[PDB]
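Counting with PDB author numbering, you get residues 1 to 35, 44 to 298 for the letters of the sequence shown.
Beneath this line is the structure, given in structure tokens, with notes to follow.
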Amino acid sequence: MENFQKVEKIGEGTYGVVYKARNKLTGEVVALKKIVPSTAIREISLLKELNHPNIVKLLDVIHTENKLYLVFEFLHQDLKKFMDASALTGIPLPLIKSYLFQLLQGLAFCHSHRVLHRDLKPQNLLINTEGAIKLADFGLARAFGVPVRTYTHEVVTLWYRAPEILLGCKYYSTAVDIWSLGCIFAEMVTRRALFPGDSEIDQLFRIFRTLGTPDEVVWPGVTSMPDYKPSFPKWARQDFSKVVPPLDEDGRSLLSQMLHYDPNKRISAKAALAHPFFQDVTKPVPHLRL
Ligand SMILES: Nc1nc(OCC2CCCCC2)c2nc[nH]c2n1
């Protein structure tokens with residue numbers, strides 16, 4: 001670590017404090033994440057080759073003193089902050105579309121190498137001043153788990169968790185990332201989290217209250233998920249026109265496919281990139297004060 005000068009604390013991530021740091025011998029300004045089991049080291053080393061322009065570059069993995077430090081490319085803002093800052097007029101649609109579109113490319117890339125994020129959230133989606141948006145912390149969940157509370161006891165958000173994870177499916181797939189990104193897409197659009205659950209049950213019930221309590225018709229096998237209970241209330245599905253109003257039909261079409269209950273029906277990242285929603289996609293520059 002002596003090769004890094006901490007510039008400022010950027011935040012408290014899932015696994016440890018995130019610092020803006022400067023690499024003393026490269027001159028590079030990086031994001032330094034203090035997170044070691046051999047399994048975690050080999051997984052993490054696999055992440056170093058997962059390179060894609062909508063994936064926050066993993067510059068180096070420093071394994072010293074028993075201590076694990078990941079050095080990432082530094083972006084200048086996360087999507088939560090950018091949404092919070094854009095709350096008054098919201099993020100212009102063409103920008104939403106461009107981020108969604110680039111996030112899907114980032115997903116398609118990782119998913120094609122069988123790597124899931126598992127923990128997508130606005131805070132791990134980082135934007136630059138040019139209009140790019142990238143996924144940070146890809147593959148970390150599989151390397152070190154997703155805790156209930158972070159190392160600061162901060163509560164890990166459930167707002168973006170796929171229903172098959174809430175239902176205790178142990179073996180969930182790349183569909184959980186599409187679900188999360190669908191939730192983030194809706195939040196960009198409406199400027200309100202779609203499902204801000206504050207407990208697993210509240211999260212699940214929130215889902216059900218909007219999309220209908222899932223049953224065997226829409227999701228074969230749902231009733232035999234580990235945490236499914238026959239006693240769950242049976243809520244009717246709400247129309248998507250009421251759920252993300254502003255959004256045009258191609259947007260709502262795509263979001264309902266990203267939000268399919270059955271993970272096998274849920275649109276893949278690559279099919280989502282061929283959705284007519286992206287027909288006029290462009291790459292606008294965000295209004296970004298740094
Ligand atoms: N500019 C910035 N921020 C990060 O994390 C912000 C996350 C830190 C967790 C608190 C939410 C903010 C980065 N990660 C890799 N590059 C990064 N660049």
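Note that the Cβ used here is the ideal one computed from N, Cα and C, for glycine as well.
Item to check | Validate contact between the stretch 66-73 and the stretch 162-182 using beta carbons, cut 8 Å, 3 pairs | outcome: no
Checklist entry - Does the stretch 249-263 touch the stretch 156-171, meaning 3 or more C-beta pairs lie closer than 8 Å? => result no
Item to check | Cβ-heavy atom distance, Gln85 to ligand 2, below 7 Å | outcome: What this structure holds is ligand 1, not ligand 2.
Checklist entry - Do the CB positions of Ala280 and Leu262 come within less than 8 Å of each other? => result Reading the sequence shown from its first residue, position 272 is the one you call residue 280. Reading the sequence shown from its first residue, position 254 is the one you call residue 262. Yes, the Cβ-Cβ distance between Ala280 and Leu262 is below 8 Å.
Checklist entry - Which first and last residues belong to the alpha helix (DSSP H) in which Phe240 is found? => result Here the question's residue 240 lines up with position 232 in the sequence shown. Note, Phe240: premise wrong, no alpha helix (DSSP H); not H, not E.
Item to check | Beta-bridge partners of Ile141, as assigned by DSSP | outcome: Counting from 1 along the sequence shown, the entry for residue 141 is found at position 133. Answer is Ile135.
Item to check | Range of the contiguous alpha helix (DSSP H) that encloses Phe193 | outcome: For this step, residue 193 is matched to residue 185 along the sequence shown. Its alpha helix (DSSP H) spans residues 183-198.
Checklist entry - Cβ of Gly11 within 7 Å of any heavy atom in ligand 1? => result As a position in the sequence shown, residue 11 is number 11, starting the count at 1. Under cutoff, so the answer is yes.
Checklist entry - When burial is assigned at 16 or more other CB atoms within 10 Å of the CB, is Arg157 buried or exposed? => result Start at 1 with the first residue of the sequence shown, and residue 157 comes out as number 149. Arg157 comes out exposed.
Checklist entry - Contact check, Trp227 vs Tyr269 under 8 Å by CB: the rounded distance? => result Your numbering for residue 227 matches position 219 in the sequence shown. Your numbering for residue 269 matches position 261 in the sequence shown. That pair is a contact at about 4 Å.
Next on the checklist: Counting C-beta neighbours from all protein chains within 10 Å, is the total for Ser106 16 or more, i.e. buried, or is it exposed?
Outcome noted: Position 98 of the sequence shown, counted from the start, is the residue given in the question as residue 106. Buried.
Checklist entry - What is the DSSP secondary structure of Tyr179, counted as helix, strand or coil? => result Reading the sequence shown from its first residue, position 171 is the one you call residue 179. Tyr179 falls in the coil class under three-state DSSP.
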